[PDB]
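Starting off, we have a lone chain in the form solved without the ligand, written out as structure tokens.
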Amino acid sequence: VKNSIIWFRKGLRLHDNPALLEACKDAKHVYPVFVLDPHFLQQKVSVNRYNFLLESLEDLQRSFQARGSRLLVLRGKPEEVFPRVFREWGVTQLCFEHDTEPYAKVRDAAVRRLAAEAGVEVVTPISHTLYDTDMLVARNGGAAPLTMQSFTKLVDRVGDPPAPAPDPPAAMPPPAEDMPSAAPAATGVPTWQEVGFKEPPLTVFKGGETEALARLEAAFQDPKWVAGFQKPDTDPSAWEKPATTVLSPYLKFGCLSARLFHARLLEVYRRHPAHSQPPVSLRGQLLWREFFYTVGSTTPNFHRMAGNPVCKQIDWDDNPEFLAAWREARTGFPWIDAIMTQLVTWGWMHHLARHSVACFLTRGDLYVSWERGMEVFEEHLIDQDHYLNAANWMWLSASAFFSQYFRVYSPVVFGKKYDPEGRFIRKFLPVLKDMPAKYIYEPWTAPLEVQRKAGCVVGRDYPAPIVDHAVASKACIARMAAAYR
């Protein structure tokens, strides 16, 4: 008979899951499997992203039960768990979504060999990205493009990406009854307290495929906003209704199909001929995701500086005092400390908001390595993608893709253009809620009668600025110009 296993790592979804469909085809029994590392928290990972993953698994659980099945959350490592359940369940086929990530390439190489030892068929379709990221390198001559212009001219020569796969059947072959490794008490979705977190999550974005589809339909309620989308013209100060889609946490874990997003974008573009074009368009943002995935999967040490052939060797300073003040939201700049607060509370900030902290820490003011700030993002960001994190942090440090270090944001004037009243600051930094808008972005310039009337004395309730931006930026820019020579 055909007993199959659909292995979930990314792509935590039922729509456009081309492996679920193969695993359910002519199958007597289907085993939805997610391998969960029981330790990991004893080795880095906030309770915001892990609970977002757990909520995404609970959404798959309710979706599989509504179709007569059940999600199996197995404990242990894949190399130790799969050889057991292969012969316990009589597995003849193993399906899982393809992953071009470095740890994944090793992990999958190991499982495949084990699946070949047990006479199991391995089917790995491509559905996490838009196109075969390897066909994009092959058609280009054998090398990945290094500019967005050249990549967008490449995908247009390939054509439209594959359409989203059809929905799975309303009834699925359930797991076999009375299997020891499929016991409900052992294969259940754990909560954030049971895995070893003593702190509750504070994010406002819930995980799951159901929430990803609902937030998708909400963004497409106004097709005029979808068509004329220009990313660089958005608001980094909007928090009640973010100026963007906020679909990156769902696209990272796979709760939302990139093929479904692109297909819905083309439907709106066909009825709006004057829609925005890449890279500023909504489709262009998906192409940024596809551009960095193509380059990083073919580039050695992409997540690092040393050994990276595409990164610029920069003598970044080792200054734990500046790094700690930056990650603890105590730099003295309310605009910076608000975004670094939104980082640990929500796990998501606007793209231009992430531009201000990454520039302030690196080539702008503190001259600290982009790897140090990337490690701080890798823990709090609920949308933490390996290739997208690394390329964007090299972008902001003028170490790759970006070479314009004379462009430094002011930790005081950038946010004032969008939010002169400081609504964003008063929300995430309530210690400055009564400060007048004239000194909200520069509290150290406020009079002391003013400071006390508002309950924020600089040096007692809110720290002074750790650096002078005019002095710090002048010194960092000069060193960047020497390195680029």
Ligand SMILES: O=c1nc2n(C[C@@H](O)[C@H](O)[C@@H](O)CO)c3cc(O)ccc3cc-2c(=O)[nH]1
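So that there is no doubt, residue numbering starts at 1 and follows the sequence shown. Shifts are known only where both forms have a C-alpha. In this text, the rigid core denotes the largest set of C-alpha atoms whose superposition between the two forms falls within 1.5 Å.
Deposited residues lacking coordinates between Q43 and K44 (none, 1 to 3, 4 to 9, 10 or more): Per the record, 1 to 3 deposited residues are absent between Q43 and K44.
*asked:* Tell me which stretch has the larger mean Cα B-factor in this entry, 312 to 320 or 378 to 386.
replied: Looking at the record's C-alpha B-factors, the answer is 312 to 320.
Looking at the deposited entry, does 289 to 297 or 107 to 115 carry the larger mean Cα B-factor? Comparing averages over the C-alpha atoms only gives 107 to 115.
At the C-alpha atoms, which of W225, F302, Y409, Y405 reaches the highest B-factor in this entry? The C-alpha B-factor peaks, among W225, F302, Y409, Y405, at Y405.
*Which one, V458, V33, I440, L60, has the peak C-alpha temperature factor per the PDB entry?*
Of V458, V33, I440, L60, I440 has the highest C-alpha B-factor.
Compare the C-alpha B factor of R426 with those of the other modelled residues in its chain, then answer lowest, middle or highest third. For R426, whose C-alpha B-factor we compare with every modelled residue in the chain, the answer is the middle third.
Is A391 in the lowest, middle or highest third of its chain when residues are ranked by C-alpha B-factor?
Tercile = middle for this residue's CA B-factor.
Divide the modelled residues of the chain into thirds by Cα B-factor and specify which third, lowest, middle or highest, holds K153. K153: CA B-factor falls in the highest third of its chain.
### Task
Ordered by C-alpha B-factor within the chain, which third holds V1? Give me lowest, middle or highest, please.
According to the entry, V1 has a C-alpha B-factor in the chain's middle third.
- Task: Check where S69 lands among this chain's C-alpha B-factors and tell me if it's the lowest, middle or highest third.
- Result: Answer is lowest: the recorded C-alpha B-factor places it there.
The form solved in complex with the ligand is left out here; the points below concern that form.
- Task: Answer with yes or no whether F64 is in contact with the ligand in the bound PDB entry, where contact means some heavy atom within 4.5 Å.
- Result: No.
ask   = According to a 4.5 angstroms non-hydrogen atom cut-off, is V457 in contact with the ligand in the bound PDB entry?
value = No, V457 stays farther than 4.5 Å from the ligand in the bound PDB entry.
Requested in this report: Would you please decide whether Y418 lies within 4.5 angstroms of the ligand in the bound PDB entry, comparing each non-hydrogen atom pair?
Outcome: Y418 lies outside the contact set for the ligand.
Practice problem: Considering only heavy atoms, tell me if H469 and the ligand come within 4.5 Å of each other in the bound PDB entry. | Solution: No, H469 sits far enough from the ligand in the bound PDB entry that none of its heavy atoms falls within 4.5 Å.
* Contact test, all of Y50, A104 and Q384, partner the ligand in the bound PDB entry, heavy atom 4.5 Å -> Spot residues vs the ligand: full contact, yes.
- Sort through 315 to 323, 250 to 258, 134 to 142, 149 to 157 and report the only stretch with a non-hydrogen atom within 4.5 Å of the ligand in the bound PDB entry. Of the stretches listed, the one contacting the partner is 250 to 258.
* To do: Could you work out which of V431, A437, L36, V450 is the residue within 4.5 angstroms of the ligand in the bound PDB entry, going by heavy atoms?
  => Selected option: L36.
* Out of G455, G68, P38, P436, the residue that alone shifts its CA by 2 Å or more between the shown form and the other one when the rigid core is the reference -> With the rigid core fitted, the residue that moves is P38.
Superpose on the core, then tell me which runs of at least 3 consecutive residues have all their CA atoms shifted by 2 Å or more between the shown form and the other one. Only one moving run appears between the shown form and the other one, namely 37 to 43.
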